[PDB]
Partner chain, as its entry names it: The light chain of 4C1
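Single chain ahead, by itself, as structure tokens, in the form deposited without the partner chain.
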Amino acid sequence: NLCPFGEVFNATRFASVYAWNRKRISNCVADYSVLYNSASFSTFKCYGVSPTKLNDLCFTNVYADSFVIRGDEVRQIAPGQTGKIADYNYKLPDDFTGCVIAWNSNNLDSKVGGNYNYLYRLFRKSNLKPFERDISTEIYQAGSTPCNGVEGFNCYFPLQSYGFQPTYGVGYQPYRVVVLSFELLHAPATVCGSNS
């Protein structure tokens, strides 16, 4: 009963970072070292223990959060970070226990003339709580005048598009990101590594 990590990592369409996806994984066995070696990742940073140590551990649930950002923004997918993505799009707690995995997807998510399917939130009145998800599209009041739900002077649609183009520099090219959270409740641990 293998954990369906292929459905997350090998998914055809990833989500925009502001509307990040979450898959709950449970009641299965997963070889985390095989996941580490199944592709060439540019980031595979674990904050609890290593892939090899995960293979002896069991967890109640594993949550796989996936999305696309710029390569220069992957740094913000880490505890204690601030920035446009960490403040307004996807926030990790200071006490984070899990792995952040990322790889270049210029070959899939870039497009001649610009792929506008991937969005990010540019404006927000306050920073996100950890794992909070904000999919609203209220017009942002950036100035002193009320906006009344209409775009205008200092009244902005809160989302912008990445517009990925294969000729972007590496730092601006799209990277698919998968964040694994390892949840241990006072409950049966049914997600186990291949050597538990």
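Numbering follows the first chain given and starts at 1.
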Item to check | 178-186 set against 5-13, stretch whose average Cα temperature factor tops the other in the entry | outcome: 5-13
Checklist outcome for this item: Scanning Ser66, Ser50, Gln160, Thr60 for peak Cα temperature factor in the entry gives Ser50
Checklist entry - By the record's CA B-factor, is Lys129 among the lowest, middle or highest third of residues in the chain? => result highest
Next on the checklist: Split into thirds by Cα B-factor across the chain's modelled residues, where does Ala78 land: lowest, middle or highest?
Outcome noted: middle
Item to check | Ranked C-alpha temperature factor of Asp87 among modelled chain residues, by third | outcome: middle
Checklist outcome for this item: Sorting the chain's modelled residues by C-alpha B-factor and splitting them into thirds places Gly169 in the middle
Checklist entry - Which third of the chain holds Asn104 when residues are ordered by C-alpha B factor: lowest, middle or highest? => result lowest
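The form solved in complex with the partner chain exists for this protein as well; it is not shown, and the discussion that follows is about that form.
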Checklist entry - Which residues, if any, of 12-37 lie within 4.5 Å of the partner chain in the deposited complex when only heavy atoms count? => result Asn21, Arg22, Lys23, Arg24, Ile25, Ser26, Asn27
